[PDB]
Structure formats: C-alpha cells, structure tokens
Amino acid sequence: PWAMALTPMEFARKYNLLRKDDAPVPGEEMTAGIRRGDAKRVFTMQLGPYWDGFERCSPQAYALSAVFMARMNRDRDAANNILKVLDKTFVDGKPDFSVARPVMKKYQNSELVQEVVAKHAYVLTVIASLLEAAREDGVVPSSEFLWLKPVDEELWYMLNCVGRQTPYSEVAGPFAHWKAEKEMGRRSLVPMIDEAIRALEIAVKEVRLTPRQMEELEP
C-alpha cells in the first residue's frame, strides 16, 4: 500500500547491479561487487533532463520552482497562494499547475534566481538549489506538497534530500551531481556521479551473502 524507499541492497538488485568477483580483499569475504558501467547508466538516468527554460519543465517542477522563487524574493503570499490552489484542486482531481504562471513570469529573471540557474545544468539540480535558497526565508517543508509523492517520485525524493547528508538511492545520482556542481563552482553538463557509485559500492560491501546468494551472482 505505502511506497517504501529502497535500501542500497534492494536498489542494487532491482537494477541488476550486483556482480561476482575476479582478479581477495581482507574483511570482505562473502560479499558482492558492483557493475560500474551499469551503475553509471542508472545514476545518469536519475539525473533527468537538462535545464533549458522553465517552460520546458514538467508542470510539477514548474509550479514548485515558482513557489521557491516566490520565497527567495520574500513573497510568502504568492508562494502560499500557489500551494493552497494546488491543494484545493487536488481534493477533487488534477492539481491546477497553471496558477504558477504569474509568479514564474514575475520572478524567473530576478537576481537571486539567475544566480541559482547559472550554477546548475539539470532540472533537478536547479530546483534543489531553488529550495535551499527558499529556506533562507523560512521553513518550506515537504509536507506542503504531499501530493507530489504519488505524482513524481524522483522530484519528491530530490526535494526531500535538500539539507540532508545522505540521499535516497532513488536520487543518489542527482544528489551527487548537485554537490559536484557546488564543489566545482560551476554548472556541469557532463554527469558527476562517481560519489553515488562509491557510496553504493561501500554499502554493498557491508552485507554478507550466503553460499546460495553468491551462486546467484553472475560475472
């Protein structure tokens, strides 16, 4: 009934990322490896599309981006109006994302928004940075857009990773990318997801397998 976040080992099996070994490393006896190539592909697909104007985003990403721009520019009423109109209209059927249009139009070219957009190359890494910035004005909890979880899972988990230390595996690639753009000091179109692969490798090494489980791995 309730969508549960996957653990590292569940994520790895679901995407067929577990590998036998070849070459004997101490402390790591009955343990699986990671298919690096495959893991890269999967984390790269998590990254999603390039930012290329707010109007090419999904309505969700566009609507929520508007809310965070509103907060960045100290306009709580505009932010709150959106969130309220989306709640009203979620009771009966589909959220009315179009209410975000005046706000986006008003703030997308504002100075704080431009600064964020210039730092990030992907829809997900921009909107993540918009949330972070919006939180310098107040709380902006995920509870205010609870409807997003059923709707768009990746966006939900990326937004809930903002301000945490460790990501959900579902969004480990865009999380890794986001912090790499922050460390490099620039937007990066080339994926920078090595951290998500190391974290995965490390978390897999924590799990002893049985003989039968080991037999099941392929090379």
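All residue numbers are counted from 1 along the displayed sequence.
- The entry shows a gap from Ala23 to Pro24, with 4 to 9 unmodelled residues of the deposited sequence in between.
- Averaged over their C-alpha atoms, the temperature factors of 89-97 and 106-114 are higher for 89-97.
- Note on 68-76 vs 120-128: mean CA B-factor is higher in 68-76.
- For the set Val42, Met30, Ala180, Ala61, the maximum C-alpha B-factor listed in the entry falls on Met30.
- Among the modelled residues of the chain, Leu18 sits in the middle third by CA temperature factor in this PDB entry.
- Remark: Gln46 belongs to the lowest third of its chain, ranked by C-alpha B-factor as recorded.
- Ranked against the other modelled residues of its chain, the C-alpha B-factor of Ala199 as given in the entry falls in the lowest third.
- Annotation for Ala12: CA B-factor lies in the lowest third of the chain's modelled residues.
- In the PDB entry, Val171 places in the middle third of its chain by CA B-factor.
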